[PDB]
Amino acid sequence: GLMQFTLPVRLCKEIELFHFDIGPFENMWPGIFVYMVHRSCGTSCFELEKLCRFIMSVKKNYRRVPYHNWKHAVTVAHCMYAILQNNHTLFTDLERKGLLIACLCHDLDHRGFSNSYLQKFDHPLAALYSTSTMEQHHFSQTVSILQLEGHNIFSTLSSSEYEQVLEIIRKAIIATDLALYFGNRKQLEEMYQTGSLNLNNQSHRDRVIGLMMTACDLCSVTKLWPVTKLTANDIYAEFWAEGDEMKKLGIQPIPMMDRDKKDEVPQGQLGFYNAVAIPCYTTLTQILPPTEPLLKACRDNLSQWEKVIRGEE
Ligand SMILES: CNC(=O)c1c(NC(=O)c2nc(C3CC3)cnc2Nc2cncnc2)cnn1C
Ligand SMILES: [Mg+2]
Ligand SMILES: [Zn+2]
């Protein structure tokens, strides 16, 4: 009960900032996650024994892939932590509990391949889940781990609070399917501009939580340039492997995944910042003004890619 997690001074201060990098020491990430749960939720939200067992089972079910790995899970949870801490009063106790767990669990058992590749491969998961294939798998894995003996971190919730939190986590994880982001943000854009956005409307909160999940999921584009640039290598290592696997199915991959077109990466990043990231953090900043630092950091990284193209690096 009286057992706080404490971090070294530098981490204690920087963990509160959106651009925090969780570092190369894997063994500190569980403690960093528990620290965030304690400050974001309370020291009572979860039985520490059960939370610790949950965290270590989640870690075990992330794979050793260059990007969609345990570090990504904790990184995406930290962004959600920073959003929740900068928007104290806007979110329920249930939402703060569910969303940190949703972020930790959102890419469970990722293999480093897109929904498109699963469908073209004719992977069994693509027969079981026609849309948001990996994301329905991720929620399935989350429920599976929650049901391991000693792993139900929600057992102290009432029956209806339990159903509500699993529904928050399900929508949160499904929302990380980028195919759904485009229409979700368009709808949120319309609602904010015509002034119909209403956070007491459950269907509207769902949409806002969805955008928060896209924003946390993409948060590697909101780090200091050296972090963003090195993470970009990790995600391209997965894209190129998928492109290799497309060529093995006798399909020319999209240029994003073709390692023969590495020269086109800088312009491909511009498209991605302009088509996805900048729009995502702009709408998020309009709805949740204290998330502006994510938009500023994202614009800084776009500018750095423009500099790469102009040969200045
Ligand atoms: C829809 N367009 C695209 O997905 C797209 C690209 N996607 C990315 O670069 C990228 N995608 C994602 C999730 C959607 C999988 C996450 N992070 C990404 N980039 C990144 C950069 N630096 C650090 N961390 C991450 C590139 N070119 N294209 C046409
Ligand atoms: Mg995912
Ligand atoms: Zn992710």
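Numbering starts at 1 and runs along the sequence shown. Hydrogens, waters and symmetry mates are skipped; everything else that's a heavy atom, side chains included, is used.
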- side chain to side chain contact (heavy atoms under 4.5 Å, CB included) between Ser159 and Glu163, intermediate numbers included: CA-CA 6 Å; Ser159 185; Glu163 168 146 40; over 6 Å; no
Please check: side-chain N/O of [X] versus main-chain N/O of [Y], any donor-acceptor pairing under 3.5 Å?
X      : Y      : value
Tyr281 : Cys219 : yes
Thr228 : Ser220 : yes
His204 : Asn198 : yes
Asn301 : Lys223 : yes
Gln164 : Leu94  : no
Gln4   : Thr6   : no
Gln141 : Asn61  : no
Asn87  : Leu90  : no
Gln119 : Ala126 : no

With a 6.0 Å cut-off (strictly less than), is the heavy-atom count around [atom1] of [X], excluding the residue itself, greater than 12?
X      : atom1 : answer
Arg310 : CZ    : yes
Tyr162 : OH    : yes
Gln202 : CD    : yes
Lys50  : NZ    : yes
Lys120 : NZ    : no
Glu14  : CD    : yes

Which pair of heavy atoms, one from [X] and one from [Y], lies closest together, and at what distance?
X      : Y      : value
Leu166 : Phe139 : O-CE1, 3.6 Å
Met246 : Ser116 : CE-C, 4.4 Å
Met256 : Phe239 : O-CB, 3.6 Å
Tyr35  : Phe5   : CD1-O, 3.3 Å
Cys280 : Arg185 : N-CD, 4.1 Å
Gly210 : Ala175 : CA-CB, 3.6 Å

Mind checking whether [X] and [Y] have side chains closer than 4.5 Å, heavy atoms only?
X      : Y      : result
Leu294 : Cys79  : yes
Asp107 : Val76  : no
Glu26  : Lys59  : yes
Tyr181 : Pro279 : yes
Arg96  : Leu100 : no
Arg299 : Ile278 : yes
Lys307 : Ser303 : yes

- Message: In this structure, is the centre-to-centre distance between the rings of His106 and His72 below 6.0 Å?
- Response: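 Ring centres of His106 and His72 closer than 6.0 Å.
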- Item | Chi angles and distances behind the side chain to side chain contact (heavy atoms under 4.5 Å, CB included) call for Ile55, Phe46 | CA-CA 12 Å; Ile55 288 164; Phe46 300 126; over 6 Å; no
- Task: Quick one: name the residues clustered hydrophobically with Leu180, using the 4.5 Å side-chain heavy-atom rule over I, L, V, M, F, W, Y, and just say none if it's on its own.
- Result: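 Direct or chained contacts put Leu180 with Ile174.
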- Message: Please determine whether side chain to side chain contact (heavy atoms under 4.5 Å, CB included) holds for the pair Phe54 and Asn152, giving the CA-CA distance in whole Å, both sets of side-chain angles, and the decisive distance to 0.1 Å.
- Response: CA-CA 8 Å; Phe54 180 80; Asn152 198 287; over 6 Å; no
[X] side, atom [atom1]; [Y] side, atom [atom2] - distance, nearest 0.5 Å:
X      : Y      : atom1 : atom2 : answer
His151 : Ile153 : NE2   : CD1   : 10.0 Å
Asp206 : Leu211 : CG    : CG    : 13.0 Å
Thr214 : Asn184 : OG1   : CG    : 6.5 Å
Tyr117 : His123 : OH    : NE2   : 9.0 Å
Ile169 : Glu95  : CD1   : CD    : 12.0 Å
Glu242 : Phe121 : CD    : CZ    : 12.0 Å

Flag yes if [X] and [Y] sit in one hydrophobic cluster, no otherwise; membership is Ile, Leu, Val, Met, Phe, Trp, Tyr, and two members link when side-chain heavy atoms are under 4.5 Å apart.
X      : Y      : answer
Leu157 : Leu48  : yes
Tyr192 : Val208 : no
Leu125 : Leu108 : no
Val74  : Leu7   : yes
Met36  : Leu84  : yes

Just by distance, with hydrogens left out, do [X] and [Y] show a side-chain donor and acceptor under 3.5 Å apart?
X      : Y      : value
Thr283 : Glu189 : yes
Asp300 : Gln304 : no
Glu16  : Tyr81  : yes

Whether [Y] and [X] form a salt bridge (side-chain N of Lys/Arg under 4.0 Å from carboxylate O of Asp/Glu) is what I want to check.
X      : Y      : result
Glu245 : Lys248 : yes
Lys261 : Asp263 : no
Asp244 : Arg259 : yes

Enumerate, atom names and distances included, each donor-acceptor pair closer than 3.5 Å involving a side-chain atom of residues 265-274, sequence neighbours excluded.
| residue | atom | partner | partner atom | Å |
| --- | --- | --- | --- | --- |
| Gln269 | NE2 | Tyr236 | OH | 2.7 |
| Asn274 | ND2 | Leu270 | O | 3.1 |

- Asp177: which of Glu135, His138, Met213 passes side-chain contact (heavy atoms from CB on, under 4.5 Å):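 Between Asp177 and the candidates, side-chain contact (heavy atoms from CB on, under 4.5 Å) is satisfied uniquely by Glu135.
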- Residue that, paired with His78, satisfies ring pair (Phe, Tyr, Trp, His ring centres under 6.0 Å) out of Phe20, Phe33, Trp29: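 Result for ring pair (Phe, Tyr, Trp, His ring centres under 6.0 Å) with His78: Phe20.
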- Query: Does the pair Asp217 and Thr176 meet the rule for a side chain to side chain donor-acceptor pair (under 3.5 Å), with working shown?
  - Reply: CA-CA 7 Å; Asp217 200 15; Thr176 65; 4.6 Å; no
- Message: Does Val221 form a side chain to side chain contact (heavy atoms under 4.5 Å, CB included) with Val276? I'd like the steps, not just the answer.
- Response: CA-CA 11 Å; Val221 302; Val276 181; over 6 Å; no
- For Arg53, which residues count as a side chain to side chain donor-acceptor pair (under 3.5 Å) partner, sequence neighbours excluded? none
